[PDB]
Structures are given as structure tokens and as C-alpha cells.
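A short write-up of the structure that comes next.
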Amino acid sequence: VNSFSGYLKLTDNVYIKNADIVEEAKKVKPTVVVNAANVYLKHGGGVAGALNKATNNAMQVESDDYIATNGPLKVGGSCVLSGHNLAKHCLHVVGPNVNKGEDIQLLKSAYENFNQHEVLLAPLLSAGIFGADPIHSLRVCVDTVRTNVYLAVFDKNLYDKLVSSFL
Ligand SMILES: C[C@H]1CN(C(=O)c2cccc3[nH]c(=O)oc23)C[C@@H]1C(=O)O
């Protein structure tokens, strides 16, 4: 039993809710919240900008130190950093950004990072300003993640479409 509430069950291990991931993190304090990161951990907009804003920019400060030490992430890769006031940990995962011309096949590699964590609160990777089709992202999620994932979808219209079209 866990504290996630109001989710629709899509499969044995994947759940979905129309929710603001920031507000959901603030209420649940999950062990892991996933950020929709880029390779530079520059949290300017989309999910990343919202999560970082909710930490009063502490996520960005920590991220800048991480990059100064380690260099950029790989597209499809991840790193574990603090969850600040939102979660125990933040798993920063880089899905391909279609608006940068990155290979969409890397979306499966990106979701594989979730399997290193038993339970996660997450957004759909590569959705939103990353330019991928969220229906496809949901399909890859379901077909790749084996651990327990609670997906927060900000847009109610998109949420309804994702549910109604789910196979
Ligand atoms: C397509 C993504 C983009 N996105 C946000 O940008 C966002 C998330 C939480 C709070 C916020 N306040 C704000 O102004 O923007 C946000 C959440 C969407 C999703 O994952 O469904």
C-alpha cells in the first residue's frame, strides 16, 4: 500500500492521473519524482522549470554543481539528485527532444532508467515541449517500465485522450 490517490490503473504497474506534478509531489513526498530534464540540467520550462521553481531554484543550483563536476548527461540517460522539498530524490531523465531532432527510439532507453526505482511519480517523457506524441510516450512507458509508476498529466484534455485511446 502506498499514498498515491485518485489514479486510474492502466496495467499491473502503471497508473495515471490528471494532476500537476508539482502539487502531487508536495502532497505525497514520494521517494522519487522524475524530472523531464535536458542534458545540461537547465531547468528553464516545462516540467523542469516548474519543479525547479517550486524548489526556489535550489534544484538548479545543485544541478549546476553536478554538471560542473560530471559534464552533460546523455540523451536517454539520467542522474539521481536531491528531491529538495518535493521528494526524497529527483531522478533527472533525458528523453529525446523532437524539437532538437533527437532519435525517438531513445525514448525506450530513457524509460529504462525508471526500472532502477521501485516506485516513482513521473511525467510522460518527451511530451509537452519535448515535442513527442504523448500517446506514444505512454505506450513506450507501459511496454518498458516494470516498476510501479504514477504518471501525472497536467492537461485534462490530454489526460482524457490518453485514457480513452489506451489499448
Ligand atoms: C507537458 C508537461 C509540461 N508541464 C509544465 O510545464 C508544468 C507542470 C507542473 C506545474 C506547472 N506550472 C506551470 O506553469 O507549468 C507547469 C507539465 C506537462 C505534463 O507533464 O503533463
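Ordering of the C-alpha cells sets the chain letters (A, B, ...), residue numbers begin anew at 1 in every chain, and ligands are numbered from 1 in the order given.
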Closest-contact table, chain A side, partner ligand 1, 10 Å, counting only C-alpha atoms and all ligand atoms, as JSON lines:
```
{"residue": "A:17", "atom": "CA", "partner": "ligand 1", "partner_atom_place_in_ligand_line": "21 (O)", "distance": 9.8}
{"residue": "A:18", "atom": "CA", "partner": "ligand 1", "partner_atom_place_in_ligand_line": "21 (O)", "distance": 8.0}
{"residue": "A:19", "atom": "CA", "partner": "ligand 1", "partner_atom_place_in_ligand_line": "21 (O)", "distance": 7.8}
{"residue": "A:20", "atom": "CA", "partner": "ligand 1", "partner_atom_place_in_ligand_line": "9 (C)", "distance": 4.6}
{"residue": "A:21", "atom": "CA", "partner": "ligand 1", "partner_atom_place_in_ligand_line": "9 (C)", "distance": 5.1}
{"residue": "A:22", "atom": "CA", "partner": "ligand 1", "partner_atom_place_in_ligand_line": "9 (C)", "distance": 5.1}
{"residue": "A:23", "atom": "CA", "partner": "ligand 1", "partner_atom_place_in_ligand_line": "10 (C)", "distance": 7.4}
{"residue": "A:24", "atom": "CA", "partner": "ligand 1", "partner_atom_place_in_ligand_line": "9 (C)", "distance": 9.1}
{"residue": "A:25", "atom": "CA", "partner": "ligand 1", "partner_atom_place_in_ligand_line": "9 (C)", "distance": 9.9}
{"residue": "A:35", "atom": "CA", "partner": "ligand 1", "partner_atom_place_in_ligand_line": "20 (O)", "distance": 9.5}
{"residue": "A:36", "atom": "CA", "partner": "ligand 1", "partner_atom_place_in_ligand_line": "20 (O)", "distance": 8.2}
{"residue": "A:44", "atom": "CA", "partner": "ligand 1", "partner_atom_place_in_ligand_line": "6 (O)", "distance": 9.6}
{"residue": "A:45", "atom": "CA", "partner": "ligand 1", "partner_atom_place_in_ligand_line": "6 (O)", "distance": 6.1}
{"residue": "A:46", "atom": "CA", "partner": "ligand 1", "partner_atom_place_in_ligand_line": "6 (O)", "distance": 3.3}
{"residue": "A:47", "atom": "CA", "partner": "ligand 1", "partner_atom_place_in_ligand_line": "5 (C)", "distance": 4.1}
{"residue": "A:48", "atom": "CA", "partner": "ligand 1", "partner_atom_place_in_ligand_line": "6 (O)", "distance": 7.2}
{"residue": "A:49", "atom": "CA", "partner": "ligand 1", "partner_atom_place_in_ligand_line": "6 (O)", "distance": 6.8}
{"residue": "A:50", "atom": "CA", "partner": "ligand 1", "partner_atom_place_in_ligand_line": "11 (C)", "distance": 4.7}
{"residue": "A:51", "atom": "CA", "partner": "ligand 1", "partner_atom_place_in_ligand_line": "9 (C)", "distance": 6.9}
{"residue": "A:52", "atom": "CA", "partner": "ligand 1", "partner_atom_place_in_ligand_line": "10 (C)", "distance": 10.0}
{"residue": "A:53", "atom": "CA", "partner": "ligand 1", "partner_atom_place_in_ligand_line": "12 (N)", "distance": 8.8}
{"residue": "A:54", "atom": "CA", "partner": "ligand 1", "partner_atom_place_in_ligand_line": "10 (C)", "distance": 8.7}
{"residue": "A:122", "atom": "CA", "partner": "ligand 1", "partner_atom_place_in_ligand_line": "20 (O)", "distance": 8.0}
{"residue": "A:123", "atom": "CA", "partner": "ligand 1", "partner_atom_place_in_ligand_line": "20 (O)", "distance": 4.5}
{"residue": "A:124", "atom": "CA", "partner": "ligand 1", "partner_atom_place_in_ligand_line": "20 (O)", "distance": 5.8}
{"residue": "A:125", "atom": "CA", "partner": "ligand 1", "partner_atom_place_in_ligand_line": "20 (O)", "distance": 8.0}
{"residue": "A:126", "atom": "CA", "partner": "ligand 1", "partner_atom_place_in_ligand_line": "1 (C)", "distance": 8.4}
{"residue": "A:127", "atom": "CA", "partner": "ligand 1", "partner_atom_place_in_ligand_line": "1 (C)", "distance": 5.4}
{"residue": "A:128", "atom": "CA", "partner": "ligand 1", "partner_atom_place_in_ligand_line": "1 (C)", "distance": 3.2}
{"residue": "A:129", "atom": "CA", "partner": "ligand 1", "partner_atom_place_in_ligand_line": "1 (C)", "distance": 6.2}
{"residue": "A:130", "atom": "CA", "partner": "ligand 1", "partner_atom_place_in_ligand_line": "1 (C)", "distance": 8.0}
{"residue": "A:131", "atom": "CA", "partner": "ligand 1", "partner_atom_place_in_ligand_line": "1 (C)", "distance": 9.0}
{"residue": "A:132", "atom": "CA", "partner": "ligand 1", "partner_atom_place_in_ligand_line": "1 (C)", "distance": 10.0}
{"residue": "A:134", "atom": "CA", "partner": "ligand 1", "partner_atom_place_in_ligand_line": "1 (C)", "distance": 8.6}
{"residue": "A:151", "atom": "CA", "partner": "ligand 1", "partner_atom_place_in_ligand_line": "20 (O)", "distance": 8.4}
{"residue": "A:152", "atom": "CA", "partner": "ligand 1", "partner_atom_place_in_ligand_line": "20 (O)", "distance": 6.3}
{"residue": "A:153", "atom": "CA", "partner": "ligand 1", "partner_atom_place_in_ligand_line": "21 (O)", "distance": 3.7}
{"residue": "A:154", "atom": "CA", "partner": "ligand 1", "partner_atom_place_in_ligand_line": "21 (O)", "distance": 3.7}
{"residue": "A:155", "atom": "CA", "partner": "ligand 1", "partner_atom_place_in_ligand_line": "21 (O)", "distance": 5.5}
{"residue": "A:156", "atom": "CA", "partner": "ligand 1", "partner_atom_place_in_ligand_line": "21 (O)", "distance": 8.6}
{"residue": "A:158", "atom": "CA", "partner": "ligand 1", "partner_atom_place_in_ligand_line": "21 (O)", "distance": 7.9}
{"residue": "A:159", "atom": "CA", "partner": "ligand 1", "partner_atom_place_in_ligand_line": "21 (O)", "distance": 8.1}
```
(Q) Just want the 8 Å neighbourhood of residue 77 in chain A, counted on only C-alpha atoms, with same-chain residues fewer than 4 positions away dropped. Output as number ranges by chain. (A) A: 73, 93-95, 109-110, 113
Q: Could you tell me, as number ranges by chain, which residues of chain A DSSP assigns to alpha helix (DSSP H) when given the backbone?
A: A: 21-28, 46-54, 58-70, 106-112, 134-144, 156-164
Q | Close residues, residue 83 in chain A itself excluded, 9 Å, only C-alpha atoms, min 4 positions apart in chain, as a list in words | A | residues 29, 30, 31, 32, 33, 55, 59, 87, 88, 89, 90 and 91 of chain A
Q: Determine the nearest neighbour of residue 28 in chain A from the options A:162, A:107, A:68, A:86, counting only C-alpha atoms.
A: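 For residue 28 in chain A, the nearest of the candidates is A:86.
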Q: Point out the residue among A:120, A:167, A:58, A:149 with the least atom-to-atom distance to residue 85 in chain A, counting only C-alpha atoms.
A: A:58
Q.
Could you list, as a list in words, every residue within 12 Å of residue 65 in chain A, counting only C-alpha atoms and ignoring same-chain residues fewer than 4 positions away?
A. residues 40, 41, 42, 58, 59, 60, 61, 69, 70, 71, 72 and 81 of chain A
Q. Nearest to residue 139 in chain A among A:80, A:121, A:67, A:163, with distances taken over only C-alpha atoms: which residue is it?
A. A:163
Q | Nearest-residue call for residue 100 in chain A, choices A:38, A:115, A:63, A:78, using only C-alpha atoms | A |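 Closest to residue 100 in chain A, using only C-alpha atoms: A:38.
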Q. What does the distance from CA of residue 12 in chain A to CA of residue 135 in chain A come to in Å, to one decimal?
A.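 Spanning CA of residue 12 in chain A to CA of residue 135 in chain A is a straight-line distance of 18.5 Å.
The interatomic distance for the pair CA of residue 150 in chain A and CA of residue 7 in chain A works out to 7.6 Å.
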When DSSP is applied to the backbone of this structure, which of range 54-100 of chain A are assigned strand (DSSP E or B)? Write them out as a short mmCIF file (atom, residue, chain, number, x, y, z; two decimals) with N, CA, C and O atoms, in the first residue's frame.
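Everything below was put into states_0.cif:
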```cif
data_model
loop_
_atom_site.label_atom_id
_atom_site.label_comp_id
_atom_site.auth_asym_id
_atom_site.auth_seq_id
_atom_site.Cartn_x
_atom_site.Cartn_y
_atom_site.Cartn_z
N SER A 78 20.25 9.48 -17.27
CA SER A 78 19.66 10.02 -16.05
C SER A 78 20.73 10.22 -14.99
O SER A 78 21.83 9.68 -15.07
N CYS A 79 20.35 10.99 -13.96
CA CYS A 79 21.11 11.04 -12.72
C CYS A 79 20.14 11.23 -11.57
O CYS A 79 19.04 11.77 -11.74
N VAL A 80 20.55 10.77 -10.39
CA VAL A 80 19.79 10.93 -9.15
C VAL A 80 20.37 12.10 -8.38
O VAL A 80 21.56 12.10 -8.04
N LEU A 81 19.54 13.09 -8.08
CA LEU A 81 19.92 14.21 -7.24
C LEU A 81 18.88 14.36 -6.14
O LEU A 81 17.95 13.55 -6.02
N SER A 82 19.03 15.40 -5.32
CA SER A 82 18.07 15.62 -4.25
C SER A 82 16.68 15.92 -4.79
O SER A 82 16.51 16.55 -5.83
N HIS A 89 14.26 12.02 -3.49
CA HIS A 89 15.18 12.08 -4.61
C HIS A 89 14.45 12.60 -5.84
O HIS A 89 13.25 12.38 -6.01
N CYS A 90 15.21 13.25 -6.72
CA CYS A 90 14.75 13.56 -8.07
C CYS A 90 15.59 12.77 -9.06
O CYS A 90 16.82 12.90 -9.07
N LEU A 91 14.92 11.95 -9.87
CA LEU A 91 15.55 11.26 -10.98
C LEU A 91 15.40 12.14 -12.22
O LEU A 91 14.30 12.28 -12.76
N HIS A 92 16.50 12.78 -12.62
CA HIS A 92 16.51 13.63 -13.81
C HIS A 92 16.72 12.72 -15.01
O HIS A 92 17.77 12.09 -15.13
N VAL A 93 15.72 12.60 -15.88
CA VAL A 93 15.76 11.71 -17.03
C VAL A 93 15.66 12.53 -18.30
O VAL A 93 14.77 13.38 -18.42
#
```
Q: Give me, please, the distance in Å between CA of residue 99 in chain A and CA of residue 133 in chain A, quoted to one decimal.
A: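 So the answer is 11.9 Å.
Nearest to residue 141 in chain A of all the residues A:118, A:112, A:103, A:62 is A:112, counting only C-alpha atoms.
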Q.
Can you tell me which residues surround residue 144 in chain A at a distance of at most 7 Å, considering only C-alpha atoms, apart from same-chain residues fewer than 4 positions away, and format the answer as a list in words?
A. residues 108, 111, 112 and 140 of chain A
